Amino acid sequence: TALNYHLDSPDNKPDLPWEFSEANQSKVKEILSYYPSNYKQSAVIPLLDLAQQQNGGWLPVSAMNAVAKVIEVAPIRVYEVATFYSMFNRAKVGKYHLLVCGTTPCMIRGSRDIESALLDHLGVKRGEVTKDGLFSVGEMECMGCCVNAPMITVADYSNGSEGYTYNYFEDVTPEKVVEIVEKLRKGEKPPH
Amino acid sequence: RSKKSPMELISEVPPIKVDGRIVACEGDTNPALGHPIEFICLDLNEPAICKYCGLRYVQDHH
Amino acid sequence: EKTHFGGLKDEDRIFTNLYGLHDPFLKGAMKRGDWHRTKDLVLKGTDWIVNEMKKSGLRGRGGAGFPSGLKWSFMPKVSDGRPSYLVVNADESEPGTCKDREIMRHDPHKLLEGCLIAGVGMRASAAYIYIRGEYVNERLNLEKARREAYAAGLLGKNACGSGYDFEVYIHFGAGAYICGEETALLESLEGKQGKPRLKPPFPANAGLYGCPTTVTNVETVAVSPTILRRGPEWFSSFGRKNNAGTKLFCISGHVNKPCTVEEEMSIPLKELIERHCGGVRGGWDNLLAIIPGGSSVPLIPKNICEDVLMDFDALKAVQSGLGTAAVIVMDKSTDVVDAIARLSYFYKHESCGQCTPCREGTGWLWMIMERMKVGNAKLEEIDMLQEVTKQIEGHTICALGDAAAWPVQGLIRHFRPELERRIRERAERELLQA
Amino acid sequence: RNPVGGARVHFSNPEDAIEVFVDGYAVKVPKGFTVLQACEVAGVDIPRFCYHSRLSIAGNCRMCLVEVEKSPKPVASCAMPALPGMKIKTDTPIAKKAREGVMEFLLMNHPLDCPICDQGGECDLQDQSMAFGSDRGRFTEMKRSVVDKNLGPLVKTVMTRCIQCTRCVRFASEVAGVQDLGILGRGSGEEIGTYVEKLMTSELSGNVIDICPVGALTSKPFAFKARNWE
Amino acid sequence: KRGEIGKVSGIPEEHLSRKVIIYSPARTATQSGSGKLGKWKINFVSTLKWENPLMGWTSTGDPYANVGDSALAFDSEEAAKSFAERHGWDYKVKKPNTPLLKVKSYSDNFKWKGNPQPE
Amino acid sequence: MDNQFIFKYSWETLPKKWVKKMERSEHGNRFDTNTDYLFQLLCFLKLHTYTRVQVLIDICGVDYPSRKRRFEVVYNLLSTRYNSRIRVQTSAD
Ligand SMILES: Cc1cc2nc3c(=O)[nH]c(=O)nc-3n(C[C@H](O)[C@H](O)[C@H](O)COP(=O)(O)O)c2cc1C
Ligand code: SF4
Ligand code: SF4
Ligand code: SF4
Ligand code: FES
Ligand code: FES
Ligand SMILES: [Zn+2]
C-alpha cells in the first residue's frame with residue numbers, strides 16, 4: 001500500500017506535536033554541521049532517516065514538518081523527498097520490519113520461493129502489521145552479488161535511534177526463517 | 001416511470017464490486033455501442049464515478 | 001605479455017585484504033602500505049598528479065569509460081570565489097555487483113587516501129562520499145575509519161602535515177538506483193529529489209551547490225594512491241593499448257564457487273570463467289548466454305562469447321560494452337526471456353519518471369515483454385519492440401533509458417528464434433483447444 | 001524572415017551576436033538564446049510542452065528535440081544554449097521520428113476523455129498530435145489512472161489527464177511565490193499534488209489554469225459551460 | 001475621408017458612419033503556438049445582441065455581427081487602414097503587444113547562492 | 001497536346017508584353033496578363049492554329065481585400081481539338 005496522499009488518520013495528523021529527542025539533538029547538530037549554513041536543505045536525507053529511526057520505523061506527516069522547520073524549507077519540499085526514496089515507510093510498521101526476496105540477479109537462482117512462509121506464519125498481508133506492533137513484511141533491494149538466493153532483512157526499530165540496526169542475512173530456509181522470527185520474538189538478535 | 005430524472009435515478013444503482021486497483025468502464029457490454037473506455041483508479045474509500053456513464057465502482061477488498 | 005593477458009602473481013594486486021583476512025582499520029592499512037609518506041606524494045602539486053594520471057591511462061570505471069586524466073583536467077585552475085567540490089560515487093546500486101561494498105568494508109583507509117589524492121590533484125576544498133542507503137554497517141565502519149584518520153592528522157586542516165586542507169564528509173542515500181547517476185547524485189546531495197539534470201551544464205562548470213565538481217567511482221579513486229606510489233608505468237603494463245589496468249570482476253550466475261577476484265584488464269572470458277570460479281554449471285557445453293559486466297549492457301550469446309577479451313573497446317565492438325564488470329552467466333537449463341523480462345521490470349521500477357520516453361517507454365517495454373513471456377502476442381510484435389526500443393534510445397535525459405533499451409535489443413538480436421518458437425507454439429495450442 | 005509572433009530581440013551587446021544556421025537560413029542572436037529561441041527568431045515554430053517562456057527551463061517531455069550536425073544524439077532545443085556556427089536541422093527524419101516517438105509515449109497513457117475535457121478545443125496535446133504525430137496508434141494494453149484530489153474552490157483538477165511537464169510546479173515555486181504544489185512519487189505513477197488537504201491559497205493562483213497545457217487543471221466556475229470555438 | 005468607394009459600394013448609407021477598431025489579435029494564453037498571429041482584422045462593435053423570448057436564442061439586428069471575424073481578414077495593418085479609409089469608416093488602430101525575448105539559460109537554475117556570511 | 005508543350009509553345013509564340021505573370025503546374029497552365037491586353041490575348045488564343053481555344057468554360061472572380069487590385073477575374077478556357085485546358089486571369093478594381 002504505497003500512496004502519494006495523506007487522508008489524515010488519527011495515528012498521523014499534522015496537528016500532533018513531533019520534536020527531536022534530546023539525545024538526537026546533538027546528532028541533528030552534527031548532521032547540519034556537515035553542510036554550509038545557507039545550504040541547510042542538503043541534510044534532508046540524514047534528518048529524515050534519523051526521524052524515522054527515532055519514531056519506530058515510520059515517518060508521519062508531523063515529523064516531515066518538523067524536519068522542514070529544522071532545515072527551514074517549505075514542507076512540500078520534504079514530502080517530495082520522502083515520497084521519492086524507497087526507504088522512508090510513511091506507513092506504520094511494527095518494531096521489526098522484515099524484508100522479502102529481491103530482483104532478477106537473485107530471481108534467476110529462485111528468489112521468489114520464500115514469500116508465502118513469512119505471510120502465513122503471522123497471517124498478515126504484505127504491508128500489514130501483526131496483531132501486536134512487532135513484525136511487518138516489505139520489499140528489499142539486493143546489496144550486490146546475491147549468491148544465496150533466499151535472503152531476509154531486518155530493521156531494529158525496537159530500541160529507536162540508539163539501537164537501530166540494518167542487517168542482511170544470507171542462505172535463509174523456510175524453517176530457518178521461522179527460527180529467526182521466533183528468536184526475534186523474545187528479544188535476542190540472530191547472528192549475521 | 002418518468003418522475004425520476006437521471007440525476008436521482010443513477011444514484012439508486014448500487015456501486016459495482018471489483019478487485020484490483022483500476023477498472024475499465026465501457027458503458028454497454030458491446031464496446032462499440034458504449035462510450036470510450038475509461039480506466040479509473042478506485043483507491044479512495046468513496047466509490048469512483050465514471051465520468052461518462054455515472055456508474056460508481058468501489059473496491060471489494062480491504 | 002601480449003599473447004595472453006591472463007593471471008596475476010597475487011603480489012601485483014593492489015586491493016590487498018580483499019577477503020577480510022586482516023584488520024581493516026588504521027593499523028592494518030598502515031602496515032599494508034597506506035598513508036605511506038603521502039605528504040611527499042601531495043607536495044609535488046596538482047599538475048604532476050594530473051600528468052601522471054594522463055600517462056597511466058586509467059580509464060574511468062563504473063561503466064563510463066572516460067579517461068581519468070582528461071576528466072580530472074577539466075576542473076578549473078583558478079578559484080573564482082566558488083570553491084570546488086569532489087563527490088565519490090559510492091552508491092553501489094544495479095545489483096549483481098558487490099565490489100564497492102567489499103572495497104569500503106575492508107579497505108576504507110585506501111578510499112580515504114584516494115579521495116585525498118584526488119582532492120590534491122583537483123583543486124577541491126572538500127570531498128563528499130555518497131554511500132548507498134542500504135549499506136548501514138558499511139557506512140558506520142567507514143565513519144569509524146574516517147574519524148580514525150582525522151584523529152591521526154591525516155585529514156582536516158593541514159592534511160598530512162602539508163599546507164593543503166581537506167574535509168571529508170559522509171552522505172548516505174535512501175535507496176534509489178537513479179541516485180547512482182553522475183548528476184542525480186548531485187541533485188540528491190543538494191537536498192532535493194534525485195532526478196538528473198541536462199548535460200550541457202557540465203559539472204565542471206556548475207555541479208554541487210552550483211560550484212564546479214567532479215564525480216568519480218569509488219573503485220577509480222581507490223586505485224589513485226597505489227598508482228602514484230607504484231608508478232604510472234607499472235599500471236600501464238597490465239592490459240593492452242590505451243585501456244590498460246586491473247579490473248575487479250564480480251562473477252556470479254550458474255557457476256560453482258563464484259569469486260570476486262581482481263585480475264588484469266584484457267582477461268579472456270573463457271580463462272576468467274574456467275580458472276577462478278570453477279566452471280559454468282553443467283559444463284561449458286550449455287552456456288546459454290552471459291552478460292559481460294553489469295546488467296545495463298546487451299547480452300552476448302554462446303557463439304560470440306568465445307575468444308572475447310574483457311576490454312572496454314573489445315566488448316564495445318561486439319555491441320555489448322563493459323559496465324561494472326560483474327558477469328552473470330546463464331546455463332541452458334534456464335530460459336532467457338524470463339530473466340530479461342524481470343530485468344525490464346527492474347528498470348521500470350527505478351526510473352525517477354522525469355522525461356517522457358523513459359517514464360512511459362520502460363513501462364511499455366515491461367508490458368510487451370511480459371505479454372511475450374508466455375508468448376501471448378503476434379509474430380510482428382518483435383519489430384514493434386525493436387521500434388519502441390529505438391524510440392526510447394537516444395531521446396532521454398540520462399543513460400538509464402538506453403540502459404533499459406539495450407537488454408531488449410540484445411535479446412532480440414541474438415535470441416530471436418526463441419520468441420517465434422513460443423509465439424508459434426502458443427498459436428498451435430490456441431487452435432488445437434477450440 | 002520575420003520572427004514568429006512578432007517577438008522583439010533586445011541586443012544588450014551589439015558586438016556579441018553569434019550567427020547560426022537554423023535550417024540553412026543564417027540568423028544573428030545574442031549570447032544565450034537556447035536553440036529553441038534561435039529558431040523562434042528565424043520564424044521557425046518548434047513543438048513544446050514543458051518550456052514556458054516565463055518560467056525556469058526544464059528538460060523533460062523531450063518534445064522540442066532537433067538535430068545538430070555536430071551532435072550524435074538529438075538535443076533538447078529548449079535547454080541547449082546557442083553556440084556560434086551551428087547547423088541546426090528541424091525538418092529532418094531524425095528530428096521528426098523523434099517527435100512522433102515522444103508523442104506516442106505521451107499519448108499511450110492519456111485517457112480517452114476528450115469529449116468531456118474542458119480543454120477539448122484548445123488542447124496543445126491534440127493540436128500538436130494532429131500536426132507532429134503519427135495517426136496509427138500502437139498501444140493496446142491497460143493504461144494507468146490517478147485519483148482526483150480537491151484543491152481550491154476555483155481550480156477543477158483531473159490528474160488522470162496530466163502529462164508530468166512540471167510546469168505548474170515551477171509556476172507555483174517561482175511566480176506565485178507560495179510553495180504548495182509539488183511532484184510526488186517515482187517512475188511511472190508519480191503524482192502531483194499538495195500531499196495534504198491544503199488548497200492553493202494565493203492571490204495569483206488562478207493562472208495555473210492557463211499555464212497547464214493539457215486539461216488536467218481547469219477552472220471550476222467555468223466547468224463545462226462552453227467550448228472555446230463558441 | 002475619401003468615401004467615394006463607400007458611396008459606390010451600395011450598402012445602406014447609415015452604416016457608412018460606423019466607428020471601427022483595427023487591431024491584430026494576440027495569442028491565446030491557453031495555447032503556446034503562434035500560428036494565429038500577424039493577421040489584422042476590422043472590429044465592428046456589434047454590441048447589441050438580445051435574447052429571443054421563445055427559446056433563449058441570441059437574436060441580433062446588426063448586419064455586421066460576425067463579418068469582421070468570419071471573413072474580411074487583412075495581411076497587414078496598412079491594408080486594413082486603407083480599406084477602412086476607402087469605405088469611409090472612423091477607424092481607430094490599436095497596436096498589438098509583442099513578446100520580448102530575453103536571454104534565458106538552463107544553468108541559471110543552479111546558482112552558487114553566495115557565501116554563508118553571518119547575517 | 002501535352003501540358004508542357006502548351007507551356008513552351010505559347011510562351012515562345014506569344015508577344016512578350018502581353019503576359020505579365022505565367023505559371024506551370026499539374027493543377028493547370030496559368031497566364032496572368034494585364035487588364036488591357038486581355039482581349040488581344042484571348043483573340044490570339046482563339047484563332048491560332050496550334051492553340052485553338054474555341055470554347056470558354058466560365059468567367060470566375062476572386063475577391064482579395066488585401067491588395068490594390070482587389071478583384072481577380074479568371075477565364076477558364078478549353079481547346080476541344082487539342083484536348084488542353086488553359087486559364088487566363090487578370091486583376092480588376
Ligand atoms: C542510470 C545510471 C546509474 C548509474 N549507477 C552507477 C553506480 O551505481 N555506481 C557507479 O559507480 N556509477 C554509476 N553510474 C555511472 C556514473 O556516471 C559514474 O559513477 C560517474 O560518471 C563517474 O564515472 P567515472 O568513475 O568513470 O569517473 C550510473 C550511470 C547511470 C546513467
Ligand atoms: S531517462 Fe529515465 S532515469 Fe533518466 S532522467 Fe529520464 S526518466 Fe529519469
Ligand atoms: S487534455 Fe487534451 S488530449 Fe487530453 S482529454 Fe483533454 S482535450 Fe483530449
Ligand atoms: S498539472 Fe498541468 S502544468 Fe502541472 S505537470 Fe500536469 S500538465 Fe503540467
Ligand atoms: S536480491 Fe535476492 S538473492 Fe540477491
Ligand atoms: S519543451 Fe523542451 S524538452 Fe520539453
Ligand atoms: Zn463508463
# chains A, B, ... in the order shown; residues from 1 in each chain; ligands from 1

$ interface_residues --of "chain E" --to "chain D" --cutoff "10 Å" --atoms "only C-alpha atoms" --output "list in words"
residues 26, 27, 28, 29, 30, 31, 32, 33, 34, 35, 36, 37, 38, 96, 97, 98, 99, 100, 101, 102, 103, 104, 105, 106, 107, 108 and 109 of chain E

$ write_last_selection --atoms "C-alpha atoms" --output "PDB file, in the first residue's frame"
ATOM      1  CA  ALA E  26      -2.991  38.393 -29.692  1.00  0.00           C
ATOM      2  CA  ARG E  27      -2.011  34.802 -28.993  1.00  0.00           C
ATOM      3  CA  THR E  28      -4.367  32.986 -26.647  1.00  0.00           C
ATOM      4  CA  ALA E  29      -2.979  32.160 -23.215  1.00  0.00           C
ATOM      5  CA  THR E  30      -4.411  28.622 -23.188  1.00  0.00           C
ATOM      6  CA  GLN E  31      -2.201  27.632 -26.153  1.00  0.00           C
ATOM      7  CA  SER E  32       1.522  28.024 -26.791  1.00  0.00           C
ATOM      8  CA  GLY E  33       1.540  28.017 -30.598  1.00  0.00           C
ATOM      9  CA  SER E  34       1.938  31.205 -32.617  1.00  0.00           C
ATOM     10  CA  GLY E  35       0.282  30.108 -35.855  1.00  0.00           C
ATOM     11  CA  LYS E  36      -2.576  32.618 -35.495  1.00  0.00           C
ATOM     12  CA  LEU E  37      -0.596  35.869 -35.337  1.00  0.00           C
ATOM     13  CA  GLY E  38       0.291  38.663 -37.731  1.00  0.00           C
ATOM     14  CA  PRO E  96      -0.535  44.819 -30.760  1.00  0.00           C
ATOM     15  CA  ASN E  97       1.681  43.794 -27.858  1.00  0.00           C
ATOM     16  CA  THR E  98       4.678  41.697 -28.808  1.00  0.00           C
ATOM     17  CA  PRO E  99       6.735  39.420 -26.541  1.00  0.00           C
ATOM     18  CA  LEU E 100      10.283  40.475 -25.691  1.00  0.00           C
ATOM     19  CA  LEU E 101      12.788  37.637 -25.984  1.00  0.00           C
ATOM     20  CA  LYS E 102      15.255  37.633 -23.089  1.00  0.00           C
ATOM     21  CA  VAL E 103      18.478  35.716 -22.507  1.00  0.00           C
ATOM     22  CA  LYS E 104      17.356  32.558 -20.689  1.00  0.00           C
ATOM     23  CA  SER E 105      19.775  29.774 -19.775  1.00  0.00           C
ATOM     24  CA  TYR E 106      19.286  26.379 -18.168  1.00  0.00           C
ATOM     25  CA  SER E 107      22.288  26.905 -15.873  1.00  0.00           C
ATOM     26  CA  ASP E 108      20.521  29.831 -14.172  1.00  0.00           C
ATOM     27  CA  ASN E 109      18.531  27.241 -12.215  1.00  0.00           C
TER      28      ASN E 109
END

$ interface_residues --of "chain A" --to "chain D" --cutoff "6 Å" --atoms "only C-alpha atoms" --output "PDB file with N, CA, C and O atoms, in the first residue's frame"
ATOM      1  N   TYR A   5      -0.683  10.388  -1.099  1.00  0.00           N
ATOM      2  CA  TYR A   5      -1.553  11.358  -0.450  1.00  0.00           C
ATOM      3  C   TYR A   5      -1.871  10.856   0.950  1.00  0.00           C
ATOM      4  O   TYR A   5      -1.752   9.663   1.240  1.00  0.00           O
ATOM      5  N   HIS A   6      -2.277  11.782   1.818  1.00  0.00           N
ATOM      6  CA  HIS A   6      -2.337  11.510   3.251  1.00  0.00           C
ATOM      7  C   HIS A   6      -3.686  10.956   3.703  1.00  0.00           C
ATOM      8  O   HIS A   6      -3.743   9.844   4.236  1.00  0.00           O
ATOM      9  N   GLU A  80       8.151  15.704  -1.068  1.00  0.00           N
ATOM     10  CA  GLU A  80       8.693  15.194  -2.323  1.00  0.00           C
ATOM     11  C   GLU A  80       9.874  14.267  -2.076  1.00  0.00           C
ATOM     12  O   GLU A  80       9.992  13.213  -2.711  1.00  0.00           O
ATOM     13  N   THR A  83       8.653  10.912  -0.396  1.00  0.00           N
ATOM     14  CA  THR A  83       7.926  10.037  -1.306  1.00  0.00           C
ATOM     15  C   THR A  83       8.832   9.430  -2.371  1.00  0.00           C
ATOM     16  O   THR A  83       8.580   8.309  -2.826  1.00  0.00           O
ATOM     17  N   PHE A  84       9.889  10.140  -2.768  1.00  0.00           N
ATOM     18  CA  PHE A  84      10.714   9.683  -3.882  1.00  0.00           C
ATOM     19  C   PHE A  84      11.545   8.461  -3.513  1.00  0.00           C
ATOM     20  O   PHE A  84      11.704   7.545  -4.327  1.00  0.00           O
TER      21      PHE A  84
END

$ interface_residues --of "chain A" --to "chain C" --cutoff "6 Å" --atoms "only C-alpha atoms" --output "PyMOL selection string"
chain A and resi 41-42+44+81+85-87+104-105+142+144-145

$ write_last_selection --atoms "N, CA, C and O atoms" --output "PDB file, in the first residue's frame"
ATOM      1  N   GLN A  41      19.343  22.734   3.352  1.00  0.00           N
ATOM      2  CA  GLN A  41      18.410  21.764   2.793  1.00  0.00           C
ATOM      3  C   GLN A  41      19.081  20.434   2.476  1.00  0.00           C
ATOM      4  O   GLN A  41      18.390  19.417   2.356  1.00  0.00           O
ATOM      5  N   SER A  42      20.409  20.413   2.353  1.00  0.00           N
ATOM      6  CA  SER A  42      21.113  19.187   1.991  1.00  0.00           C
ATOM      7  C   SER A  42      20.990  18.101   3.052  1.00  0.00           C
ATOM      8  O   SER A  42      21.101  16.917   2.719  1.00  0.00           O
ATOM      9  N   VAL A  44      18.495  16.926   4.412  1.00  0.00           N
ATOM     10  CA  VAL A  44      17.138  16.392   4.473  1.00  0.00           C
ATOM     11  C   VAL A  44      17.158  14.873   4.579  1.00  0.00           C
ATOM     12  O   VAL A  44      16.406  14.287   5.364  1.00  0.00           O
ATOM     13  N   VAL A  81      10.766  14.650  -1.162  1.00  0.00           N
ATOM     14  CA  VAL A  81      11.932  13.828  -0.864  1.00  0.00           C
ATOM     15  C   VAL A  81      11.511  12.513  -0.219  1.00  0.00           C
ATOM     16  O   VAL A  81      11.994  11.439  -0.590  1.00  0.00           O
ATOM     17  N   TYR A  85      12.091   8.428  -2.302  1.00  0.00           N
ATOM     18  CA  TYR A  85      13.056   7.406  -1.925  1.00  0.00           C
ATOM     19  C   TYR A  85      12.371   6.216  -1.270  1.00  0.00           C
ATOM     20  O   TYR A  85      11.523   6.376  -0.388  1.00  0.00           O
ATOM     21  N   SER A  86      12.749   5.019  -1.709  1.00  0.00           N
ATOM     22  CA  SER A  86      12.153   3.779  -1.211  1.00  0.00           C
ATOM     23  C   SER A  86      12.864   3.274   0.040  1.00  0.00           C
ATOM     24  O   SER A  86      13.299   2.127   0.116  1.00  0.00           O
ATOM     25  N   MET A  87      12.989   4.147   1.037  1.00  0.00           N
ATOM     26  CA  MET A  87      13.495   3.765   2.346  1.00  0.00           C
ATOM     27  C   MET A  87      12.707   4.388   3.487  1.00  0.00           C
ATOM     28  O   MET A  87      12.806   3.902   4.618  1.00  0.00           O
ATOM     29  N   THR A 104      16.085  -9.740 -10.153  1.00  0.00           N
ATOM     30  CA  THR A 104      16.399 -10.799 -11.112  1.00  0.00           C
ATOM     31  C   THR A 104      17.812 -11.386 -11.053  1.00  0.00           C
ATOM     32  O   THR A 104      17.980 -12.537 -11.473  1.00  0.00           O
ATOM     33  N   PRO A 105      18.854 -10.684 -10.583  1.00  0.00           N
ATOM     34  CA  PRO A 105      20.096 -11.418 -10.299  1.00  0.00           C
ATOM     35  C   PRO A 105      19.883 -12.497  -9.262  1.00  0.00           C
ATOM     36  O   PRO A 105      20.611 -13.497  -9.245  1.00  0.00           O
ATOM     37  N   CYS A 142      18.614  -5.959  -3.380  1.00  0.00           N
ATOM     38  CA  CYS A 142      19.833  -6.718  -3.123  1.00  0.00           C
ATOM     39  C   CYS A 142      21.027  -5.783  -3.001  1.00  0.00           C
ATOM     40  O   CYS A 142      21.109  -4.767  -3.698  1.00  0.00           O
ATOM     41  N   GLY A 144      24.103  -6.573  -3.776  1.00  0.00           N
ATOM     42  CA  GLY A 144      25.129  -6.893  -4.745  1.00  0.00           C
ATOM     43  C   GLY A 144      25.069  -8.338  -5.190  1.00  0.00           C
ATOM     44  O   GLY A 144      24.012  -8.821  -5.610  1.00  0.00           O
ATOM     45  N   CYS A 145      26.197  -9.038  -5.106  1.00  0.00           N
ATOM     46  CA  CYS A 145      26.277 -10.431  -5.537  1.00  0.00           C
ATOM     47  C   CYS A 145      25.457 -11.289  -4.584  1.00  0.00           C
ATOM     48  O   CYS A 145      25.900 -11.632  -3.486  1.00  0.00           O
TER      49      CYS A 145
END

$ closest_residue --among "D:159, D:20, D:102, D:75" --to "ligand 3" --atoms "only C-alpha atoms and all ligand atoms"
D:159

$ residues_near_ligand --ligand "ligand 4" --cutoff "6 Å" --atoms "only C-alpha atoms and all ligand atoms" --output "PDB file with N, CA, C and O atoms, in the first residue's frame"
ATOM      1  N   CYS D 162      -2.926  14.169 -17.069  1.00  0.00           N
ATOM      2  CA  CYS D 162      -1.826  15.060 -16.708  1.00  0.00           C
ATOM      3  C   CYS D 162      -0.513  14.479 -17.209  1.00  0.00           C
ATOM      4  O   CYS D 162      -0.014  13.495 -16.654  1.00  0.00           O
ATOM      5  N   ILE D 163       0.049  15.089 -18.251  1.00  0.00           N
ATOM      6  CA  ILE D 163       1.435  14.822 -18.604  1.00  0.00           C
ATOM      7  C   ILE D 163       2.334  15.534 -17.605  1.00  0.00           C
ATOM      8  O   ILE D 163       2.140  16.717 -17.300  1.00  0.00           O
ATOM      9  N   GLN D 164       3.312  14.811 -17.064  1.00  0.00           N
ATOM     10  CA  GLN D 164       4.141  15.349 -15.987  1.00  0.00           C
ATOM     11  C   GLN D 164       5.184  16.302 -16.572  1.00  0.00           C
ATOM     12  O   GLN D 164       6.378  16.008 -16.656  1.00  0.00           O
ATOM     13  N   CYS D 165       4.705  17.472 -16.986  1.00  0.00           N
ATOM     14  CA  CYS D 165       5.568  18.521 -17.507  1.00  0.00           C
ATOM     15  C   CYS D 165       6.076  19.460 -16.423  1.00  0.00           C
ATOM     16  O   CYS D 165       6.902  20.330 -16.715  1.00  0.00           O
ATOM     17  N   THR D 166       5.599  19.309 -15.187  1.00  0.00           N
ATOM     18  CA  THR D 166       6.052  20.076 -14.027  1.00  0.00           C
ATOM     19  C   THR D 166       5.937  21.583 -14.226  1.00  0.00           C
ATOM     20  O   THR D 166       6.549  22.352 -13.484  1.00  0.00           O
ATOM     21  N   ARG D 167       5.162  22.027 -15.215  1.00  0.00           N
ATOM     22  CA  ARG D 167       5.025  23.460 -15.450  1.00  0.00           C
ATOM     23  C   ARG D 167       4.304  24.142 -14.292  1.00  0.00           C
ATOM     24  O   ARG D 167       4.696  25.233 -13.861  1.00  0.00           O
ATOM     25  N   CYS D 168       3.255  23.504 -13.770  1.00  0.00           N
ATOM     26  CA  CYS D 168       2.531  24.064 -12.633  1.00  0.00           C
ATOM     27  C   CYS D 168       3.420  24.150 -11.399  1.00  0.00           C
ATOM     28  O   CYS D 168       3.340  25.117 -10.634  1.00  0.00           O
ATOM     29  N   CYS D 212      -1.115  25.314 -17.622  1.00  0.00           N
ATOM     30  CA  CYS D 212      -1.107  23.873 -17.844  1.00  0.00           C
ATOM     31  C   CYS D 212      -1.618  23.566 -19.245  1.00  0.00           C
ATOM     32  O   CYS D 212      -2.758  23.921 -19.568  1.00  0.00           O
ATOM     33  N   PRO D 213      -0.827  22.914 -20.102  1.00  0.00           N
ATOM     34  CA  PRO D 213      -1.243  22.719 -21.498  1.00  0.00           C
ATOM     35  C   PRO D 213      -2.448  21.805 -21.662  1.00  0.00           C
ATOM     36  O   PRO D 213      -3.417  22.169 -22.331  1.00  0.00           O
ATOM     37  N   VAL D 214      -2.398  20.619 -21.061  1.00  0.00           N
ATOM     38  CA  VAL D 214      -3.485  19.652 -21.166  1.00  0.00           C
ATOM     39  C   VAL D 214      -4.585  20.023 -20.184  1.00  0.00           C
ATOM     40  O   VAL D 214      -4.403  20.897 -19.332  1.00  0.00           O
ATOM     41  N   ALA D 216      -5.645  19.010 -17.498  1.00  0.00           N
ATOM     42  CA  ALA D 216      -5.540  18.494 -16.138  1.00  0.00           C
ATOM     43  C   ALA D 216      -6.027  19.512 -15.119  1.00  0.00           C
ATOM     44  O   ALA D 216      -6.766  19.166 -14.192  1.00  0.00           O
ATOM     45  N   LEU D 217      -5.622  20.770 -15.269  1.00  0.00           N
ATOM     46  CA  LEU D 217      -6.051  21.856 -14.396  1.00  0.00           C
ATOM     47  C   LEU D 217      -6.941  22.790 -15.204  1.00  0.00           C
ATOM     48  O   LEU D 217      -6.478  23.426 -16.157  1.00  0.00           O
TER      49      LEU D 217
END

$ closest_atom_pairs --of "chain A" --to "chain E" --cutoff "10 Å" --atoms "only C-alpha atoms" --output "Markdown table"
| residue | atom | partner | partner_atom | distance |
| --- | --- | --- | --- | --- |
| A:36 | CA | E:116 | CA | 6.6 |
| A:37 | CA | E:116 | CA | 5.6 |
| A:38 | CA | E:116 | CA | 5.2 |
| A:39 | CA | E:116 | CA | 8.2 |

$ write_last_selection --atoms "N, CA, C and O atoms" --output "PDB file, in the first residue's frame"
ATOM      1  N   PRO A  36      27.204  23.703   4.353  1.00  0.00           N
ATOM      2  CA  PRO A  36      27.217  25.153   4.587  1.00  0.00           C
ATOM      3  C   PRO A  36      25.889  25.646   5.139  1.00  0.00           C
ATOM      4  O   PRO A  36      24.836  25.042   4.927  1.00  0.00           O
ATOM      5  N   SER A  37      25.957  26.765   5.866  1.00  0.00           N
ATOM      6  CA  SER A  37      24.789  27.263   6.587  1.00  0.00           C
ATOM      7  C   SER A  37      23.652  27.629   5.641  1.00  0.00           C
ATOM      8  O   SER A  37      22.483  27.354   5.933  1.00  0.00           O
ATOM      9  N   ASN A  38      23.966  28.263   4.510  1.00  0.00           N
ATOM     10  CA  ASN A  38      22.905  28.643   3.583  1.00  0.00           C
ATOM     11  C   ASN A  38      22.291  27.427   2.903  1.00  0.00           C
ATOM     12  O   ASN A  38      21.099  27.440   2.575  1.00  0.00           O
ATOM     13  N   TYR A  39      23.075  26.379   2.681  1.00  0.00           N
ATOM     14  CA  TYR A  39      22.581  25.139   2.080  1.00  0.00           C
ATOM     15  C   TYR A  39      22.175  24.125   3.142  1.00  0.00           C
ATOM     16  O   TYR A  39      22.640  22.988   3.146  1.00  0.00           O
TER      17      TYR A  39
END

$ residues_around --residues "residue 91 (chain F)" --least-positions-apart "6" --cutoff "12 Å" --atoms "only C-alpha atoms" --output "PyMOL selection string"
chain F and resi 20-21+31-38+60-64+67-75

$ select_by_dssp --residues "region 239-359 of chain C" --states "helix (DSSP H, G or I)" --output "PyMOL selection string"
chain C and resi 269-275+312-316+336-349+356-359

$ atom_distance --atom1 "CA of residue 27 (chain A)" --atom2 "CA of residue 138 (chain A)"
28.0 Å
